[PDB]
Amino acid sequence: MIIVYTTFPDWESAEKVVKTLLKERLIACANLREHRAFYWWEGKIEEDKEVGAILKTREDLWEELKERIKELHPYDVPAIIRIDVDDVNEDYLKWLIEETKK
């Protein structure tokens, strides 16, 4: 399995996108929590309050999921970050496979 991390400008977009991804059976679950982001914009350090999203899905769904996030994301240039899971308890993995599209 894999984790995918992305960030959203607030809760309405984060929840809309995550619920669409669940409906499309591209993810098994999402964990959403606020953070404060700091980055460069035009020679200045910018802050933005955001909602980060930790998504859990199968490896084989990565490219499809990445494309759908690109298509749904409120940001022109979103972060869509895949981190592979090195091991997981089998009962959870079985559930995640059951809950994702075939």
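Note that residue numbering follows the sequence shown and begins at 1.
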| property | result |
| --- | --- |
| Entry-level comparison of average CA B-factors, 53 to 61 and 36 to 44, reporting the higher stretch | 36 to 44 |
| Entry-level comparison of average CA B-factors, 71 to 79 and 26 to 34, reporting the higher stretch | 71 to 79 |
| Assigned third (lowest, middle, highest) for the C-alpha B factor of residue 10 | highest |
| Residue 90 by Cα B-factor - lowest, middle or highest third of the modelled chain | highest |
